[PDB]
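Next up: the same protein chain in two forms, each one alone, written as C-alpha cells (structure 1, then structure 2).
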Structure 1
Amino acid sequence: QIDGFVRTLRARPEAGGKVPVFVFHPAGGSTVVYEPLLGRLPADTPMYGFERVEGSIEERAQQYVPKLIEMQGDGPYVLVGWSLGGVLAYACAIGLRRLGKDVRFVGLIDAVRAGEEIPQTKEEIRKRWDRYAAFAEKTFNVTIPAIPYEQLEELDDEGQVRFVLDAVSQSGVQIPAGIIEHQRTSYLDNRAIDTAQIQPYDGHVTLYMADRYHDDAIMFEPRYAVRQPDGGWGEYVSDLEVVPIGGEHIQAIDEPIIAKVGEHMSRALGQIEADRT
C-alpha cells in the first residue's frame, strides 16, 4: 500500500502491462486526491504516488528520481501533478531527461503561476502573515492574535512558522498536532514553490487550465487573482499544449471536471501504448 513515500494506487502486473502514471502530492494533500482521475483513465492503468519529502523543489525531485528509475527504468515516463504536484512532476521531468531517460508526457493539472511577481521585502512578509491569519480564522473559526512582526521579519521561513505557532499557543488556542504539522508543511511547500526557479524544458507538456483560483487561494495570495493564458509556462516550454477545463483550481480533481482531464489524458496514453509495439 505505502512504501516509503510511494503510494500504490494501482499496482502494475508482474510483467508487461500498460505504462504507469506517476502522480505527485499537492500541498496539504496525499495522493489519494488522484483517485477520481484514476477512474477516468483506461482500465488497468497502473498509478503510483509520490508523497511529501523535504527540501527545495530541486532537492525533492532529487529524492524522487532514484525511485522513479527503480520502478520504470529507461521509460517511458508519464508524470502528472495537480497544483504543487504539477511543479514537482515537472522538476522530475527536467531531471529524468538530463539523465538520458524518456519522458513522453507531463500533465500539469491547473499548475498556474501567480499573475505577478512576489516582492522579497519585510512588508510582503508582514502582509502574507496577515493574509494567512485571515485564512486561518475563516478556515478554523478561531481567533489568531496579532503578531509582533519585528523579530519575525528577520528569521527564515521555518523560524517564522515556529514563532507564529508559539504566538497562537500562548494566546490559548491549543492546536491538534496533526493540524500544526499540516499547516506548517503546507506553508513551507508554498515557500519552496515561490523561491524555486522554473527551468526550461524541451519536452511535451500539457497544461489543463481552469478558469480561476478558488477563494481561499486568492485570500491567501491576491496575485492568484490574475492568470496568464499559458499559466506562466510558455516562457519555459516551447511545446506547450493548453487544454481548457473550466471551473476553479480546487474543483479540477473533482467530478465532473476531472472527466475532461481524464478523457484528454486517456488519448495521450493510447498513443503511447500504440508505439511501445
Structure 2
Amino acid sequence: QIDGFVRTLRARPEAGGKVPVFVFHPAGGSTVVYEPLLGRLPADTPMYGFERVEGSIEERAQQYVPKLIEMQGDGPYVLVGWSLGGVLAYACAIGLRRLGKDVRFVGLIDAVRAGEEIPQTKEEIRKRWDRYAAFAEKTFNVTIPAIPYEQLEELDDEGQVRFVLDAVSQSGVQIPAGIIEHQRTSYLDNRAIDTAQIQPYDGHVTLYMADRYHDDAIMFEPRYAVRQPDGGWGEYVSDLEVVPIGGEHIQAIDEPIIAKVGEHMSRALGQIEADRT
C-alpha cells in the first residue's frame, strides 16, 4: 500500500471508474488520517495519499506533480488536504494548470492563513525563540539563559529546530531517534507554509472552514489566533467557496465534523462524474 511517497487508501479499478481523490499529508501525520473522509465519500471513489518530501512548498509540488501525471494523465484532477496538506494540494493545482491539465476540484480542509503575515525577519526570529523559551521555562520548570540569537538567525527553520534539539541532547539520557525526528520534521513542515509563494488560481477552490485554530497552533504561531473571512485565499482565488464546518482546526479531519465535509464533497464529486457522462 505504500509505494515511495504514494499511499493507496482505495485503489482505482483497472479501467475507467470514478475520478480518484488525491490527498496530501498534514504536518506530523501521514495520509491514514483521510480514512474517515474516505468513508463519507461515494462508494468506489479511489483515493491516493501523498506523503512527506523535502523542500519549499513549490519544490515539494515539483516532486508531486510528475507523479500525479503518471497516475492520472490529463485529468480530471481532484486535490484535497487538511492543514499543510491543503497548501500542498493548492500548489499541485497551480502546477498542473501551468501544464494545461484539467483541475476540477481543490478542497482545502481548514487550510486557513494566519490572520497577519508572518514576517521573515531577524526581529521575528528573536521574538519567536523568546516566546518558545518562556513556554519551556514554565512547562519544564527551568530557566533558559541568554539565547544565541546570531546563530539562530543565520539558519532556516530546519536548522534552527535542529540546533535547539541538538543542544538538549548533549546532556542527560539519549532521546530516541523517532521522537527527535518527528519533532524536527513536524516543525519544519509547518514552517514551510510561512514562505509559500501563493499563485493565483483560475478554478474553483472549496475551503472547509472551522471556527478557530486550536491552542497548540496558536502557541506555535500566535498569528493563528485571528482568521479572515476568506482564510487568506480571496486575493488569489476569485472563484472561492467557503463551507463553514465549526469546531477547531484539529477536529476538522475527524468524525463528526468530517461528515459535513464528506456530505459536501460527495455532491461536488457527483457533479463532476455527471459532467463526464
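One-based numbering along structure 1's sequence throughout. If you superpose the two forms and keep the largest set of C-alpha atoms that fall within 1.5 Å, you have the rigid core.
Rigid-body rotation of the smaller part against the larger part between structures 1 and 2 amounts to 26 degrees, from C-alpha fits. Once the core is aligned between structures 1 and 2, the alpha carbon position of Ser83 differs by 0.3 Å; this is the C-alpha shift at that site. Overlaying the rigid core between structures 1 and 2 leaves the Cα of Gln197 displaced by 1.7 angstrom. Shown is the Cα shift of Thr139 between structures 1 and 2 after rigid core superposition, which amounts to 9.1 Å.
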